[PDB]
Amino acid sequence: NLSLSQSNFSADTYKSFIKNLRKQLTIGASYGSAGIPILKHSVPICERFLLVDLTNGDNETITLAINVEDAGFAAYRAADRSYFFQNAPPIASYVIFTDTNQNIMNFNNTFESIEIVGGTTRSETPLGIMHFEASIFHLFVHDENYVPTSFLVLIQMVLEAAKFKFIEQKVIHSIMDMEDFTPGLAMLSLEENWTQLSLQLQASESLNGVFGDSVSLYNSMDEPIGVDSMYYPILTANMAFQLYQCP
């Protein structure tokens, strides 16, 4: 299983962790004219999950199961226990963490579902080394009070980081500088539009690299940049892979 531990922790190993995560998610990826790998689709369940271990400084480890179709967490296993999002694939119980005491969390793996139940948004939830550590702990013990926020932390710091090199860079700066941050409009607008960008970018094969609809990505000055084509370096040199949307 791919791993990121607190012992071997730095900007460089985090960068390496994300590279290998991207690489393994994009095994067998399709490619278009944009050259941004598209994730696999209609994957047999028995091979639809990529397992990733995370370990804090107190050597408490959780294994997260990433759906390789959409690069979102379906479940995680701590010790002999495991916890599944109620929108994880129905058969996921029979393929992963089979040798565990399995539980169902009463919310979906989406930011919307997690924020509603957690009672807290991503912009109120700080990100950094300390919060990565706490998240691993709170998930390992499964303190229900902190399970929602812990996923907001780790979904962003691992998966959205994998999805977007800009987000990866925000986490690199936070690790390097030992400076926590809450995400702003730039980071959130990428997360909001990963699925929309995937659709439009694959739809653009039809129209010479031009999108069916515009996508508003914000910059660090809170200025909305409208991406209606593949000819923006903030998309093209940012997004690492896509959701399968079009044949």
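In this text, residue numbers run from 1 along the sequence as written. Here the rigid core means the biggest group of C-alpha atoms that line up within 1.5 Å when the two forms are laid on top of each other.
Peer 1: Comparing against the shown form in 8 other deposited structures of this protein, which stretch has the larger RMS C-alpha deviation after a rigid core superposition, 7 to 15 or 227 to 235?
Peer 2: Result of the core-fitted comparison in 8 other deposited structures of this protein: 7 to 15 deviates more.
Peer 1: Using RMS Cα distance over all structures and residues, flag whichever of 56 to 64 and 24 to 32 lies farther from this form in 8 other deposited structures of this protein after a core fit.
Peer 2: Higher root mean square deviation of C-alphas in 8 other deposited structures of this protein is shown by 56 to 64.
Peer 1: Which of the two stretches, 171 to 179 or 137 to 145, shows the higher mean Cα temperature factor in the record?
Peer 2: Looking at the record's C-alpha B-factors, the answer is 171 to 179.
Peer 1: Test of understanding: from the entry's C-alpha B-factors, which stretch has the higher mean, 213 to 221 or 54 to 62?
Peer 2: Stretch with the greater average CA B-factor: 213 to 221.
Peer 1: By the recorded C-alpha temperature factor, relative to the other modelled residues in its chain, which third is residue 74 in?
Peer 2: It belongs to the middle third of the chain when residues are ordered by C-alpha B-factor.
Peer 1: If you rank the chain by CA B-factor, which third does residue 165 end up in: lowest, middle or highest?
Peer 2: According to the entry, residue 165 has a C-alpha B-factor in the chain's middle third.
Peer 1: Considering only modelled residues of the same chain, in which third does the CA B-factor of residue 31 rank: lowest, middle or highest?
Peer 2: For residue 31, whose C-alpha B-factor we compare with every modelled residue in the chain, the answer is the middle third.
Peer 1: Just say lowest, middle or highest third for the CA B-factor of residue 195 relative to the other modelled residues in its chain.
Peer 2: It falls in the top third of the chain.
Peer 1: Should residue 111 be placed in the lowest, middle or highest third of its chain by the C-alpha B factor in the entry?
Peer 2: It falls in the top third of the chain.
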